[PDB]
Protein chains: 2
Amino acid sequence: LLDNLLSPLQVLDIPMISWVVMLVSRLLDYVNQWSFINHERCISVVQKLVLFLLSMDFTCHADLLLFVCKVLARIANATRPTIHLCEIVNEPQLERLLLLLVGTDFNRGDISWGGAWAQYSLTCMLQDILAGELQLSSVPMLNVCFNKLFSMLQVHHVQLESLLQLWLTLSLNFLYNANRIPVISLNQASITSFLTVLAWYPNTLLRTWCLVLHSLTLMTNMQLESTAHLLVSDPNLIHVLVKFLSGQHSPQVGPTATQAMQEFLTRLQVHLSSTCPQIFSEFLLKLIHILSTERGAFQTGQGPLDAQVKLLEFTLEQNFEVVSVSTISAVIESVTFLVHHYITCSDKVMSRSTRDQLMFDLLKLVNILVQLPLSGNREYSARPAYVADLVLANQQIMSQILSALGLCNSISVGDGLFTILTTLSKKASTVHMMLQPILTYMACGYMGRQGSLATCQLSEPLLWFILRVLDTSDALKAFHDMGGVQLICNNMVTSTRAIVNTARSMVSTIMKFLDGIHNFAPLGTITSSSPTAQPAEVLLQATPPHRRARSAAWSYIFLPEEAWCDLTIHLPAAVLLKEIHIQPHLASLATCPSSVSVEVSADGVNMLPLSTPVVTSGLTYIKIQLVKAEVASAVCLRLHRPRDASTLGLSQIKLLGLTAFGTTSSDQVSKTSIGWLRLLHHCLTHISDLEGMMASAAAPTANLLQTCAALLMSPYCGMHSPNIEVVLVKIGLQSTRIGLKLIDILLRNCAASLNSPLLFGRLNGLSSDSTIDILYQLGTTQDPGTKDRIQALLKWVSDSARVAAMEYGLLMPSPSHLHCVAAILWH
Amino acid sequence: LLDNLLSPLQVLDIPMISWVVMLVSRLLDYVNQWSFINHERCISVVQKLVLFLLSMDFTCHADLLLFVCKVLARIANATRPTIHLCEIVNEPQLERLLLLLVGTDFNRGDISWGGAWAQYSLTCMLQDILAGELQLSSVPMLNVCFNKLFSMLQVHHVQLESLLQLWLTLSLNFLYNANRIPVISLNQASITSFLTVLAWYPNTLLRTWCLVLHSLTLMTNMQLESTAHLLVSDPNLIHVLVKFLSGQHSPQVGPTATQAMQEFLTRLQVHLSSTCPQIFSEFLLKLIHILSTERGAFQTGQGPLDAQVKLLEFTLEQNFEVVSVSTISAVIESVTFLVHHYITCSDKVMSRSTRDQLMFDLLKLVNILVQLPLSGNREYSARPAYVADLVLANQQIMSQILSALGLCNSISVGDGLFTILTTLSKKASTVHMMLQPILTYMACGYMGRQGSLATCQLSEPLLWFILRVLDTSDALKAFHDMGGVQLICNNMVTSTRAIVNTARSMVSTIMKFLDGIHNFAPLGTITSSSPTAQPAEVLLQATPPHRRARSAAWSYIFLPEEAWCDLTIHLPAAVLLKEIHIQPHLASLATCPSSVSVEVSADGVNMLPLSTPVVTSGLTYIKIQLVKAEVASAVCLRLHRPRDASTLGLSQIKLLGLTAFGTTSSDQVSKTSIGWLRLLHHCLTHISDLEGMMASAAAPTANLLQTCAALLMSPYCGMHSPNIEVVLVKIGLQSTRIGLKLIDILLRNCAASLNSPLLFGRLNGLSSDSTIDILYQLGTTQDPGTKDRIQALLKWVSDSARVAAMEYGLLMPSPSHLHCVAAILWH
């Protein structure tokens, strides 16, 4: 009946056909993909049903199409030798059929031919018929058709997303699995056109990308040169993966997309492993280089951080043997520049309640790369020189790394840099290779500047690294041979001139005599630029409201056109602001500001934003820490209207910091000259057998003893007094002349002998346990100068006596130093 | 006393000096900027105090420095002829003093010389001394010094941020104001080096930018060629403003930075207005072009949207006379490409609870630009041709605009495009200039493709535009002369072949006989991949929990390493999912997911992410609307851990959509061929005097009447039946032959005479009010064909009679058509 009703296709009574198709559908379904709807004569009727599907125009209706598809599938699958797709259609028919699903003459993006239900029904019918099959195989014909469909992407005759979805659906035979061999084999031209289109494809949304990654994965599993090789060897693959990784939605792509990318890369690695894994590792390194280069995704903070971190994690497990040194060095250089920028461009505030992980993973990758042995000709990682040597010889890379570590303080990004530098030192061909960049760094100031008072930036981490490099006698001897001792001694003198001591002295003491951070908000006065706003004085109260206070202490009603509310807190006097706490109304977190822009005014008149607004939606407590404490007599909080409320509710605002003086006034290597002294102490003491040499290198430098004494008589600035004492004794004893100079510095004139050192800050002849010990050791140490030393000591005694019988050192001899001279004579 | 104590500067007893300085400070303060601390001999002591400040090294202490600064300022300001800075210091001294504040040998980024309090005290002292001044003026000397300091930026001897802060502070005399003339005049070399450094400066945080903008503003107010001209004429200014505008923090810069940018641009405009405003307008257009070009900020969705919108708003108020046509056309082209990308790359979901404003403002700018008169030589906007003409002649721009409007549906971005097109038509030199791009667009398919069934995308907005362009007789005549009637008629036939009707027909009726969107969540089964998660079935309940329910209906405890929780809802059958509602626990909005990644599965096995995760922190209700309804038998919600909680709390999840059939199964121009018919009706009816011509152009096209009849007998698809009837009568009457064909189509064979039209879908001879009216009018209209028409009518009667005495049209004559023939004979 249905056969005869359709016979005109090969006048139609569409109403009678409809009744019959519905009846036949109901009978066949009484005989899961079709729940949404709730053997030669068989070939005849199914062929006619396909013709009918192909004949449907605007006079036909999608709802009938659904049943036609359902019945077609069910009949194909009901016959003993299942009817194959190649018995049902021919090539032009199959092509038109698939174009109903994917052609741009039938589908206009959001508008699909026959609607979503028709698309779905057609797909389900094709899938059912194929599955029944999986005499003549239909796969050859599907291959022809899909290769044509892929050849049609470049001219915009086929929609990428629908083609991919369809090819995935039909080739999976139904759950996706990254190890599946597609039923429908695409040819090399298809894969190439696919990559080309993707490289230029402008509208790649996330669903499209997930389809793309799943399909690339399955393509790698096709027997086409393997497809994995074709793909990785194609320049377009890098463009495509860069587009993907370069990106109110979250920047992320979410776990499923990230895992899709991982599965793709894993499949590439696996297919290339037992043949040519070097091109895969080189592809990964080229990719990372592109992402890390200036104005690239990593540098601009673009793209799905989750996918980028996953890429780095995957890359860190790869074997980089037989990789070109050019790509390795390119990635090392881009990465070191990137991480240096990252550490130097750090935001001025921090709010918490990650890109660090990405930077750390890149530094880990660099660590892996610098350890690779080089080939004989130094062009490829091998498998006794190393990539490390090329890096050490690169002055710009080493400068960037060392200054980066110089900007770190006491595993993180700084730890990553330390690990790299430690590796570089272990892998350096010679200790000189490692020392030369260190010495270059120590010989210049900020960003390689020169100048009289310009000296390089030290940090506890960088210092620890240098000490590790200077750990062996061979390293210390080389350091000496390259003029390192003179360099650190000069740097100590210079840096001591170019810093003022921030440790409190007697001015702070006189202030205290005249009467962990502290909340100054309660002392403040709070205003709003809005004339209608509720008085916010309650926000300043030292004691917050109860964590269940049902009504926000303070509320702001936004006019429908208002994006920002402002609250300015004027303090009675400037303070060193370190943190700003904002407590939103916990009971109604929808009224929390979506973001907060902090401006600070030192003079309390000219406000300056601290940073870009911090995102605060979803936070129960907003803690904005100033990385660098700022002098502030006023703080303007600009609170952005909540995402999902017209009122802003706040409980408390705290402005935490320190006063200059009073009770509320509560990395030395980075802020003082002490790091140079710690280096000098290490050189003088670490390898006793070299002390002599080091002392002789150090003793000549002008004003070194005066500076070291100054550091000795300073409040603790990151070096325990005994080490400074040891430095002073070893230099003072390395020769008689310097011994006399040290005695004169301690007892008589301790000042330096606009860029010249001065050391005016200390009274002459002051004594401490340290100077007593030093003088005792100078007196009682037995060597050629001992006599002269005693002599000078006795001179200072009689001189003092003489002045007393009538130089602040001589008008005010320390009783302790006199007693020390007596204790020396006694011994 | 203090003078004599300091006399060694020009041995120091720093303790005695400290006591004295503190006493003197207390006496002077008993005789607001210094609250943070709580006349030739005068020149002598102040000079010595400056020497002391300059002599401070690590043996001196910052706390004393504070009082030294306070006392220095107070003494300078206490003497009758205030002591001027130039009496206190000389050039090298002043330079060192300022370098204490801004030099990189004394300041290391976060580490400042003497600490924040010392920096502040030094600044306050300089400001106080200057203010007292404002015999010899100190301004010349400050000019020298600051020009030197700016010359020192390029070699990294001066920190940009501190130099800018200091120059701003000192030149303002204290509240900042964009109309202030700086006290300290910088020279051309300074401004040039400033711009150069800024162009390359890698670490420009927001405070740096605010300083930069304030200082550029004030520089424009300096009498240096005016400084405004120097700035705008400098290529670096564009690089700098692009860096600024190209950018958990909000992408925005906040109101203060945005206003700083506006003030800067306003000052540039004002300074350049009465001299050379064309270079300023050209600068604005070059800037916008750079931001809008491919891979630029606007295109990549980067930078402070608030500042970018403010830039566009500012630009929209400028006069663009005497601007080069090259820059105008460049910006028009980049902007049209951008907005086309924007409309075509729209996200697949939408969540609400803006970049549109930016796109709309760019389209407004384009609208302003296309209206500019051209100079005689067509190289510069003038002040009777227009930029509009150049745009109309640009095929790529017109294609992009028209396809963009083709993707819009019934002021927004689409309104902006419509406004532009309307302007282009009003400004076109001739109607042909406007019609040619329309006709080109109508002659091709998607992205200019060709093909048998490929036809262009129409939309209600684009259609309205075309009708407005075809409003006059001159326009309709030209449209006819260029073959537009034949084009729209062919397009109607073709598009009708290439679409299936999605309107419900009798299959939906039979389904209903066999028994605004709907929540299918309650029918679903919900699971989590986490074995420990609480059963989430409560989330599916049709009825939400009370809006004050104190305990989340469902909660998920995140393991410390878990970023995502997942909830998969399997539905009993596929549905057309249109929306996903997620109700978080309103009482505890801290437990709301920070973001939600929706995956949908049509087969309920293979999940595909819909889009990148939607940001949901701060939302009281999460409504994710699928722009394109998707078939879904399962939905996987991946909820991201809250920003500030280890538990996720949810009240309800709804999955709203439609079933294919049943009770729950509840822009035609874009999805049908009707737009072509609305155009044909407009051509045939709008200017009665042209009807003849139009009809003669339309009547020849093959299968046109069959298609128009098909559309007539279709369910309403965006065209009321009377208009279709008018089209049919006018064509059928334009000649006797076609009249006979129309009679045969209505009474006998209505089917078309894989790309050929078919129109199989309709029984022959069916009647409606419309066909009755058409046939009546054909019969009773008096003209040459009338007789033949009656004749054919009578033929159909007797033929029918004859078949009855023994073509479905003849075996089933409509009683209504027979009666209509009788009513015709009677008249």
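Residues numbered from 1 in each chain as written, not as in the entry; some residues may be left out. Chains lettered and ligands numbered in written order. Heavy atoms only, no water.

- This entry, as listed in the PDB, derives from cryo-EM and reports a resolution of 1.98 Å.

- The name that the PDB entry assigns to chain A is Baculoviral IAP repeat-containing protein 6, with the source organism given as Homo sapiens.
- Within the Protein Data Bank, this record goes by the title "Cryo-EM structure of helical arch of BIRC6 (from local refinement 1)".

## Here we look at the relation of the copies chain A and chain B
Here is step 1: The two copies are related by a screw motion: chain A maps onto chain B through a turn of 180° and a shift of 0.0 Å along the axis, at an RMSD of 0.0 Å. Taken together, the rotation and translation relating the two chain copies correspond to the operation of a two-fold axis. (Least-squares fit on C-alpha atoms.)

## Describing a positive patch on the surface
Here is step 1: Together, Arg548 and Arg550 of chain A together with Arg548 and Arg550 of chain B make up a region of like positive charge exposed at the surface.
Here is step 2: Turning to its location among the elements, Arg548 of chain A is positioned in the loop between α28 (537-540) and β4 (554-557). (Patch = residues over 30% accessible without salt bridge, like charges linked within 9 Å, V, L, I, M, F, W, Y side chains within 5 Å. Areas by Shrake-Rupley, 256 points an atom, 1.4 Å probe, with all protein chains shown as cover. Salt bridge = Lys/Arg side-chain N within 4 Å of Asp/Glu carboxyl O. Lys, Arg positive; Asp, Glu negative; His and termini not counted. Charge placed at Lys NZ, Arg CZ, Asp CG, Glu CD. Helix = DSSP H or I, 4+ residues; strand = E, 2+ residues; numbered from the N terminus.)

## Details of unusual backbone geometry
All names here are of chain A.
Here is step 1: The backbone of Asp515 shows a phi angle near 75°, a positive value even though the residue is not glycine.
Here is step 2: Structurally, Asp515 can be placed in the loop between α27 (506-513) and β2 (518-519).
Here is step 3: Since its relative accessible area comes to 79%, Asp515 is described here as exposed.
Here is step 4: Of note in the backbone geometry, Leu759 takes a positive phi value of approximately 55° without being a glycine.
Here is step 5: Among the residues examined, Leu759 registers a relative accessible area of 2% and is labelled buried. (Buried < 20%, exposed > 50% of the residue type's maximum accessible area, 1.4 Å probe, protein only.)

## Some points on empty space enclosed by the protein
Here is step 1: Estimates place the volume of the largest cavity at around 200 Å³.
Here is step 2: Lining the largest cavity we find 22 residues, and of these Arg108 of chain A together with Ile499, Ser670, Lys671 and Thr672 of chain B sit closest to its centre.
Here is step 3: Of all the elements, helix α29 (residues 668-671) of chain B adds the most residues to the lining of the largest cavity, at 3 residues. (1 Å grid on protein atoms, 1.4 Å probe; cavity = no way out; pocket = protein on both sides within 12 Å on 5 of 7 lines; lining within 4 Å. Points joined across faces, edges and corners; volume = space filled by probe spheres on them.)

## Quick word on the pairing of strand β6 (residues 595-601) of chain A
Residue and element names in this part refer to chain A.
Here is step 1: The buried fraction of β6 is high, at 7 of 7 residues.
Here is step 2: Alternating residues of β6 divide into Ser595, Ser597, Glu599 and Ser601 and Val596, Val598 and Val600, and every residue in both groups is buried.
Here is step 3: Here 2 bridges tie β6 to strand β8 (residues 614-615), and the two strands are oriented antiparallel to one another. Looking across to β8, one finds that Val596 is bridged to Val614.
Here is step 4: Across 7 bridges, β6 lies against strand β9 (residues 622-640) in antiparallel orientation. Note on β9: the bridge partner recorded for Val596 is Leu639.
Here is step 5: With 2 bridges connecting them, β6 and strand β7 (residues 608-609) associate as antiparallel partners. Looking across to β7, one finds that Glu599 is bridged to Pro609.
Here is step 6: As consecutive antiparallel partners, β6 and β7 are separated by 6 residues, and within that stretch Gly604 has a phi angle of approximately 70°, a positive value. (Pairing = 2+ DSSP bridges.)

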